[PDB]
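> whatever this is, show me its structure:
(chains A and B, ligands or ions: 1)
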Amino acid sequence: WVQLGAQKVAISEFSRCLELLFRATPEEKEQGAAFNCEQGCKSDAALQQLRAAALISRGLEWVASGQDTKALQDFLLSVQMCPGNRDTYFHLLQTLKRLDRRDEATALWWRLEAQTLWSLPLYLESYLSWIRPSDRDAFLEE
Amino acid sequence: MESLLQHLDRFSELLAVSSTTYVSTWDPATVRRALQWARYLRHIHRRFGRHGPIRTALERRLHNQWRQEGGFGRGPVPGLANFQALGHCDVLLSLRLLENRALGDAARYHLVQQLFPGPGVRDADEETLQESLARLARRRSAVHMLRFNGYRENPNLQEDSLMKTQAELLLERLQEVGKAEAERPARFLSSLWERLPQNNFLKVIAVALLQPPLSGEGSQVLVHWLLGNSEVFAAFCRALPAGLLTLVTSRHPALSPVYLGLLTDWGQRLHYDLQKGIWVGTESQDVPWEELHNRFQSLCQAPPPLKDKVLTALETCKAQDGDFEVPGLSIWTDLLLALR
Ligand SMILES: [Zn+2]
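Numbering: from 1, shown residues only, chains lettered A, B, ... in the order given. Below is the structure in question.
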């Protein structure tokens, strides 16, 4: 819907994804009731990367609408969730460079250099490679 | 007519000094004079206390006394509070002298001997002072005994028995100020607001807004006072329970558009966190989700004249913040979802 240009229904769907992600657990191996995905639809790495993906894809629509405070909330939450993706940090720091540059940006720079793929599904890998901007490292050394 | 003014004001001065610790010069003569004057007032109240210019003259004198004193600074002296207290002025005087430790011995003896002579005077035509004090002791005992053996703080405050009593006193006390017309009721109420405990006072206002009339000019005054004073109404709607405010608002439509406006502003300063599926506030004094849900649920479980009002006020505030139909985006969508 984003590529078709529909902010409202896009944000609707991202929010629905987020509700299902936080108000439910995929790793409910209490009752073995069927055939199930052993590895792809269980991985906590897949869960966190996917949380982060949906937060970012929502924040960019808030940016499009002019609600940078909500966008900041989503990007901050994605950084709290997956601190080792760096797309989170790029988006967050672009927003902070727009609004309140100096102190917060450097505070997160130091977090990045304190921090510095395992087995993801391909639908997630390809979703991230699609949304990520080419000017990431150029902006992150600025 | 004019003869009673100098009687009544002199007696009131004597009464007011009764409670005060200057008692050295007193004697049996002073006490006898006091109690015969009090008998005279109690006789007036019986003879021509109803339906004449004299009653209204005495009321003017009493209420003018209680407002020229006001209740600020030099002494918050009660005084005899109203024309009905004319019929038991003697009892007040006697009680105040029995509480004054500074009373002299011979005065004390003469007093108590005149109050409680014994059963030598078992046969009397007029209900005497001894019987009056006995009946008072019985009532005080009865009140203690019911309060601690059978009484329960009813949750529907409007049907409680303490709040209902306080309320009727307030309403009578506003009626007299209205008839006086010297100072406006709002000034009395504003002074009360500074003076006495707020939490108690607000429950009492809430209750007085619902008692039916007995002479509803009383409630009509408090609505004006509240709509004039926003700060009190901020704590009014905040402190009380839900159904009381609901019944108040349904009784008085003038309180409805402001009350929803108060609630509409408390939602807007919440924020949703995704990890715990709960709206929360930034500051600690921001109304929680549960309390706000309770208020809107009570308002929806009400007569139809208010249901449509609150429902339209919620829909117009939903559409104002994006007409979403999914949770995590609008407190108002989340309310309307939780009501169903
Ligand atoms: Zn799978």
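
> switch to C-alpha atoms for all contacts and neighbour counts from now on
Will do.

> now name the helix or strand holding residue 113.
Because you didn't say which chain, this covers chain A. Assigning secondary structure by DSSP states H and E places residue A:113 in helix A:102-115.

> um, chain B though
helix B:105-115.

> how far does that helix sit from the chain's center?
How far helix B:105-115 lies from its chain's middle: 37 Å, per C-alpha atoms, centre = their mean, to the nearest Å.

> what residues of that helix count as buried?
Within helix B:105-115, the residues that qualify as buried are B:107, B:108, B:110, B:111, B:115, counting by 16 or more other C-alpha atoms under 10 Å in any protein chain shown.

> residue numbers of chain A in contact with chain B?
A:8, A:12, A:15, A:16, A:18, A:19, A:22, A:23 (C-alpha under 8 Å from any C-alpha of the partner chain).

> residues contacting the third one?
Right, residue A:15. Each residue near residue A:15 by C-alpha atoms under 8 Å, 6 or more residues apart in numbering or on different chains is listed here: A:58, B:326, B:327, B:328.

> what about these, which are in helices?
Using DSSP state H, the members of these that fall in helices are residue A:58.

> out of the contacts of residue A:15, which is most surrounded?
residue A:58 (24 neighbours; other C-alpha atoms under 10 Å in any protein chain shown).

> strands of chain A, start to end?
Remark: no strands are assigned in chain A by DSSP state E.

> again but with chain B, I slipped
Counting by DSSP E, the strands of chain B are B:270-273, B:278-281.

> neighbours around residue B:10, how many?
13.

> please apply the same query to the one 10 residues further on.
Counted with other C-alpha under 10 Å, the neighbours of residue B:20 add up to 14.

> over to residue B:138?
For residue B:138, the tally of surrounding residues (other C-alpha under 10 Å) stands at 11.

> and it, how far is that from the ion?
Relative to the ion, residue B:138 is positioned 83 Å away (C-alpha to the ion, to the nearest Å).

> how about residue B:73?
Going from residue B:73 to the ion by C-alpha to the ion gives 81 Å.

> any idea how far that residue is from residue B:312?
Separation of residue B:73 from residue B:312 (C-alpha to C-alpha, to the nearest Å): 51 Å.

> before we move on, what about residue B:43?
Residue B:43 sits 62 Å away from residue B:312, taking C-alpha to C-alpha as the criterion.

> for the ion, what's the nearest residue on the stretch 151-300 of chain B?
The ion sits closest to residue B:275 of the stretch 151-300 of chain B, with a gap of 24.0 Å, by C-alpha to the ion.

> run a quick neighbour tally on the nearest residue to that residue once chain neighbours are set aside.
Distances taken as C-alpha to C-alpha, 6 or more residues apart in numbering or on different chains place residue A:22 nearest to residue B:275, at 5.9 Å, with adjacent residues excluded. Residues near residue A:22, counting by other C-alpha under 10 Å, number 14.

> how about residue B:329?
A count of neighbours around residue B:329, defined by other C-alpha under 10 Å, yields 19.

> quick one, what contacts it?
residue B:272.

> apply 6 Å and report the result again.
By C-alpha atoms under 6 Å, 6 or more residues apart in numbering or on different chains, the contact list for residue B:329 is empty.

> what about the residue of chain A found nearest the ion, how many residues close to it?
For chain A and the ion, the shortest gap (C-alpha to the ion) falls at residue A:41, measuring 3.9 Å. Neighbourhood size, residue A:41 [other C-alpha under 10 Å]: 14.

> what's the closest non-adjacent residue to it?
residue A:26 (7.5 Å).

> the one you found: neighbouring residues, count only.
Residue A:26 has 12 neighbouring residues, counting by other C-alpha under 10 Å.

> ok, now how distant is it from residue A:84?
Residue A:26 sits at a distance of 22 Å from residue A:84 (criterion: C-alpha to C-alpha).

> ok now stretch B:69-79, how far from the chain's centre?
With C-alpha atoms, centre = their mean, you get 18 Å for stretch B:69-79.

> with stretch A:53-73 instead?
On C-alpha atoms, centre = their mean, the centre of stretch A:53-73 falls 10 Å from the chain's centre.

> now swap in stretch B:19-29 and tell me
Taking mean C-alpha positions (C-alpha atoms, centre = their mean), stretch B:19-29 and its chain are 34 Å apart.

> same deal with stretch B:266-279?
Chain-centre distance of stretch B:266-279: 39 Å, with C-alpha atoms, centre = their mean.

> reformat the residues of chain A next to chain B as CSV; add distance to residue B:55.
What follows is these, written out as CSV (distance: C-alpha to C-alpha, whole Å):
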residue, distance to residue B:55
A:8, 74
A:12, 74
A:15, 74
A:16, 75
A:18, 76
A:19, 73
A:22, 75
A:23, 73
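
> what is the neighbour count of the closest residue to chain A within the stretch 1-150 of chain B?
Relative to chain A, the nearest point of the stretch 1-150 of chain B is residue B:150 (48.6 Å; C-alpha to the nearest C-alpha). For residue B:150, the neighbour count with other C-alpha under 10 Å is 7.

> quick check on it: phi, psi?
phi 130, psi -30 (degrees, to the nearest 10).

> separation between it and residue B:192?
32 Å.

> what sits closest to residue 84 if chain neighbours are left out?
Reading this off chain A. Residue A:84 sits nearest to residue A:115 (C-alpha to C-alpha, 6+ apart), 7.2 Å away.

> other chain: chain B
Residue B:84's closest residue in space is residue B:45 (C-alpha to C-alpha, 6+ apart), at 7.9 Å.

> try residue B:93
residue B:15 (6.1 Å).

> run a quick neighbour tally on residue 9.
Just going to use chain A. Other residues within reach of residue A:9, judged by other C-alpha under 10 Å, total 14.

> let me rephrase: I mean chain B.
Residue B:9: 14 surrounding residues under other C-alpha under 10 Å.

> got the contact list for it?
Neighbour list for residue B:9: empty [criterion: C-alpha under 6 Å, 6+ apart].

> gap between it and the ion?
Taking C-alpha to the ion, one finds residue B:9 at 95 Å from the ion.

> could you do residue B:74 as well?
For residue B:74, the distance to the ion - C-alpha to the ion - is 85 Å.

> what's the closest non-adjacent residue to the spatially most central residue of chain A?
Per C-alpha atoms, centre = their mean, the C-alpha nearest to the average position across chain A is that of residue A:52, at 2.3 Å. Nearest residue to residue A:52, sequence neighbours excluded (C-alpha to C-alpha, 6+ apart): residue A:78, at 4.7 Å.

> same check on residue B:287?
Per C-alpha to C-alpha, 6+ apart, closest to residue B:287 is residue B:266, 6.6 Å.

> burial check on that neighbour, number of neighbours?
Neighbours of residue B:266 under the rule other C-alpha under 10 Å: 15.

> any idea how far residue B:289 is from it?
From residue B:266 to residue B:289 the distance is 10 Å (C-alpha to C-alpha).

> kindly report the same for residue B:149.
Between residue B:149 and residue B:289 the computed distance is 38 Å (C-alpha to C-alpha).
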